[PDB]
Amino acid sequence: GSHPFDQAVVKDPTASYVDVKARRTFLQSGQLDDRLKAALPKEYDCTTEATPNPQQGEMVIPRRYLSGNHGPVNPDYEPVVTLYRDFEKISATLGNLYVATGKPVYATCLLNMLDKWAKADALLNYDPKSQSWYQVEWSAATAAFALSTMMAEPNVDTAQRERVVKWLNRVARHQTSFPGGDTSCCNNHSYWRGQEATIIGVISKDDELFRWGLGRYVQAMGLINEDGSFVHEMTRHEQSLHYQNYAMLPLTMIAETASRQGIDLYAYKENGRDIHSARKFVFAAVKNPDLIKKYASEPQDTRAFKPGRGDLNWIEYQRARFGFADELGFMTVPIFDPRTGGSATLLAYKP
């Protein structure tokens, strides 16, 4: 690839993106505050409940509108995207239930669901120039984050776990082989392909794919402006601040996964700018949206910036590691985001 981490190696495929043993132990033993109590997942009998089935043949995501970018809607769009949103929500819930309870039943349920998708060659046949390319990066990373926590679990069908690990490896190798255009090569989509490649690289012990994933973090560091804003996200008019925050979500997971492999990616800098510069620009721009005026004249959509939004999951992982203050008062109710490992309140917040 040719970046500082292009000789990196996967040391341990069972390391995950969190310390499973240790976090489980605190959740069971410790004195949890109201926030953690509220983030504890509700148990249910997943063994008698069926899950989403894979689309057979080609993967096609229907356009949202009958014509163009707006107006009359296509009725075929909502049932297809709901299939993927449910696959992602169930994947993350089961991974989080295995971490909090340690019961092998939630792992058997996740494996039963993912084996159906593997046997059906899901997330592999589609048009790269279509929205299915983007849906694959999200769904494959969501299922891999959840599986990564049970890679050391003995009371599970190990030939089934291998079948599923082989399939996600194929899926990530195929989705990342396409370079993207002038924008998707380099903007937050490159970083979402980065977290996909990094966590699947870890569980399948594929050093080449892990390396390719870390290289997307390095790419990102060189696309930060003097003020901590990402070059490609500041070209999104009224959605510029939303995308500055959105890009933080995959970059935080590549760094959290790399750290459990003994690599300090957070320390990486480029021209006096690192991921901390970006975090500081998000916090300053939410308190003073006038900062975005140097890039876009439109009123900013701030729907992501309110307590409980999944878009804020990265702050749970970064605040637990560095201890900075919650300047905006966001970390009050629990946060759950399937695409960045589920509930970061449950997995990284410490009173």
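In this text, residue numbers run from 1 along the sequence as written.
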Checklist line | Given 26 to 34 and 41 to 49, the range whose Cα B-factors average higher in the PDB entry | finding: 26 to 34
Check: Higher mean Cα B-factor in the deposited model: 176 to 184 or 225 to 233?
Finding: 176 to 184
Next item on the list: Determine which member of 292, 325, 320, 59 has the highest CA B-factor, using the values in the deposited entry.
Entry: 59
Margin query: If I read the C-alpha B-factors straight from the PDB entry, which of 129, 116, 242, 189 is highest?
Written below: 129
Item checked: Third of the chain, ranked by Cα B-factor, where residue 205 sits -> highest
Check: Split the chain's modelled residues into thirds by Cα B-factor; is residue 250 in the lowest, middle or highest one?
Finding: lowest
Next item on the list: Classify residue 138 as lowest, middle or highest third according to the C-alpha B-factor given in the PDB entry, relative to its own chain.
Entry: lowest
Notebook entry, point to check: residue 76's Cα B-factor: lowest, middle or highest third of the chain?
Noted result: middle
Item checked: B-factor third for the C-alpha atom of residue 305 within its chain -> middle
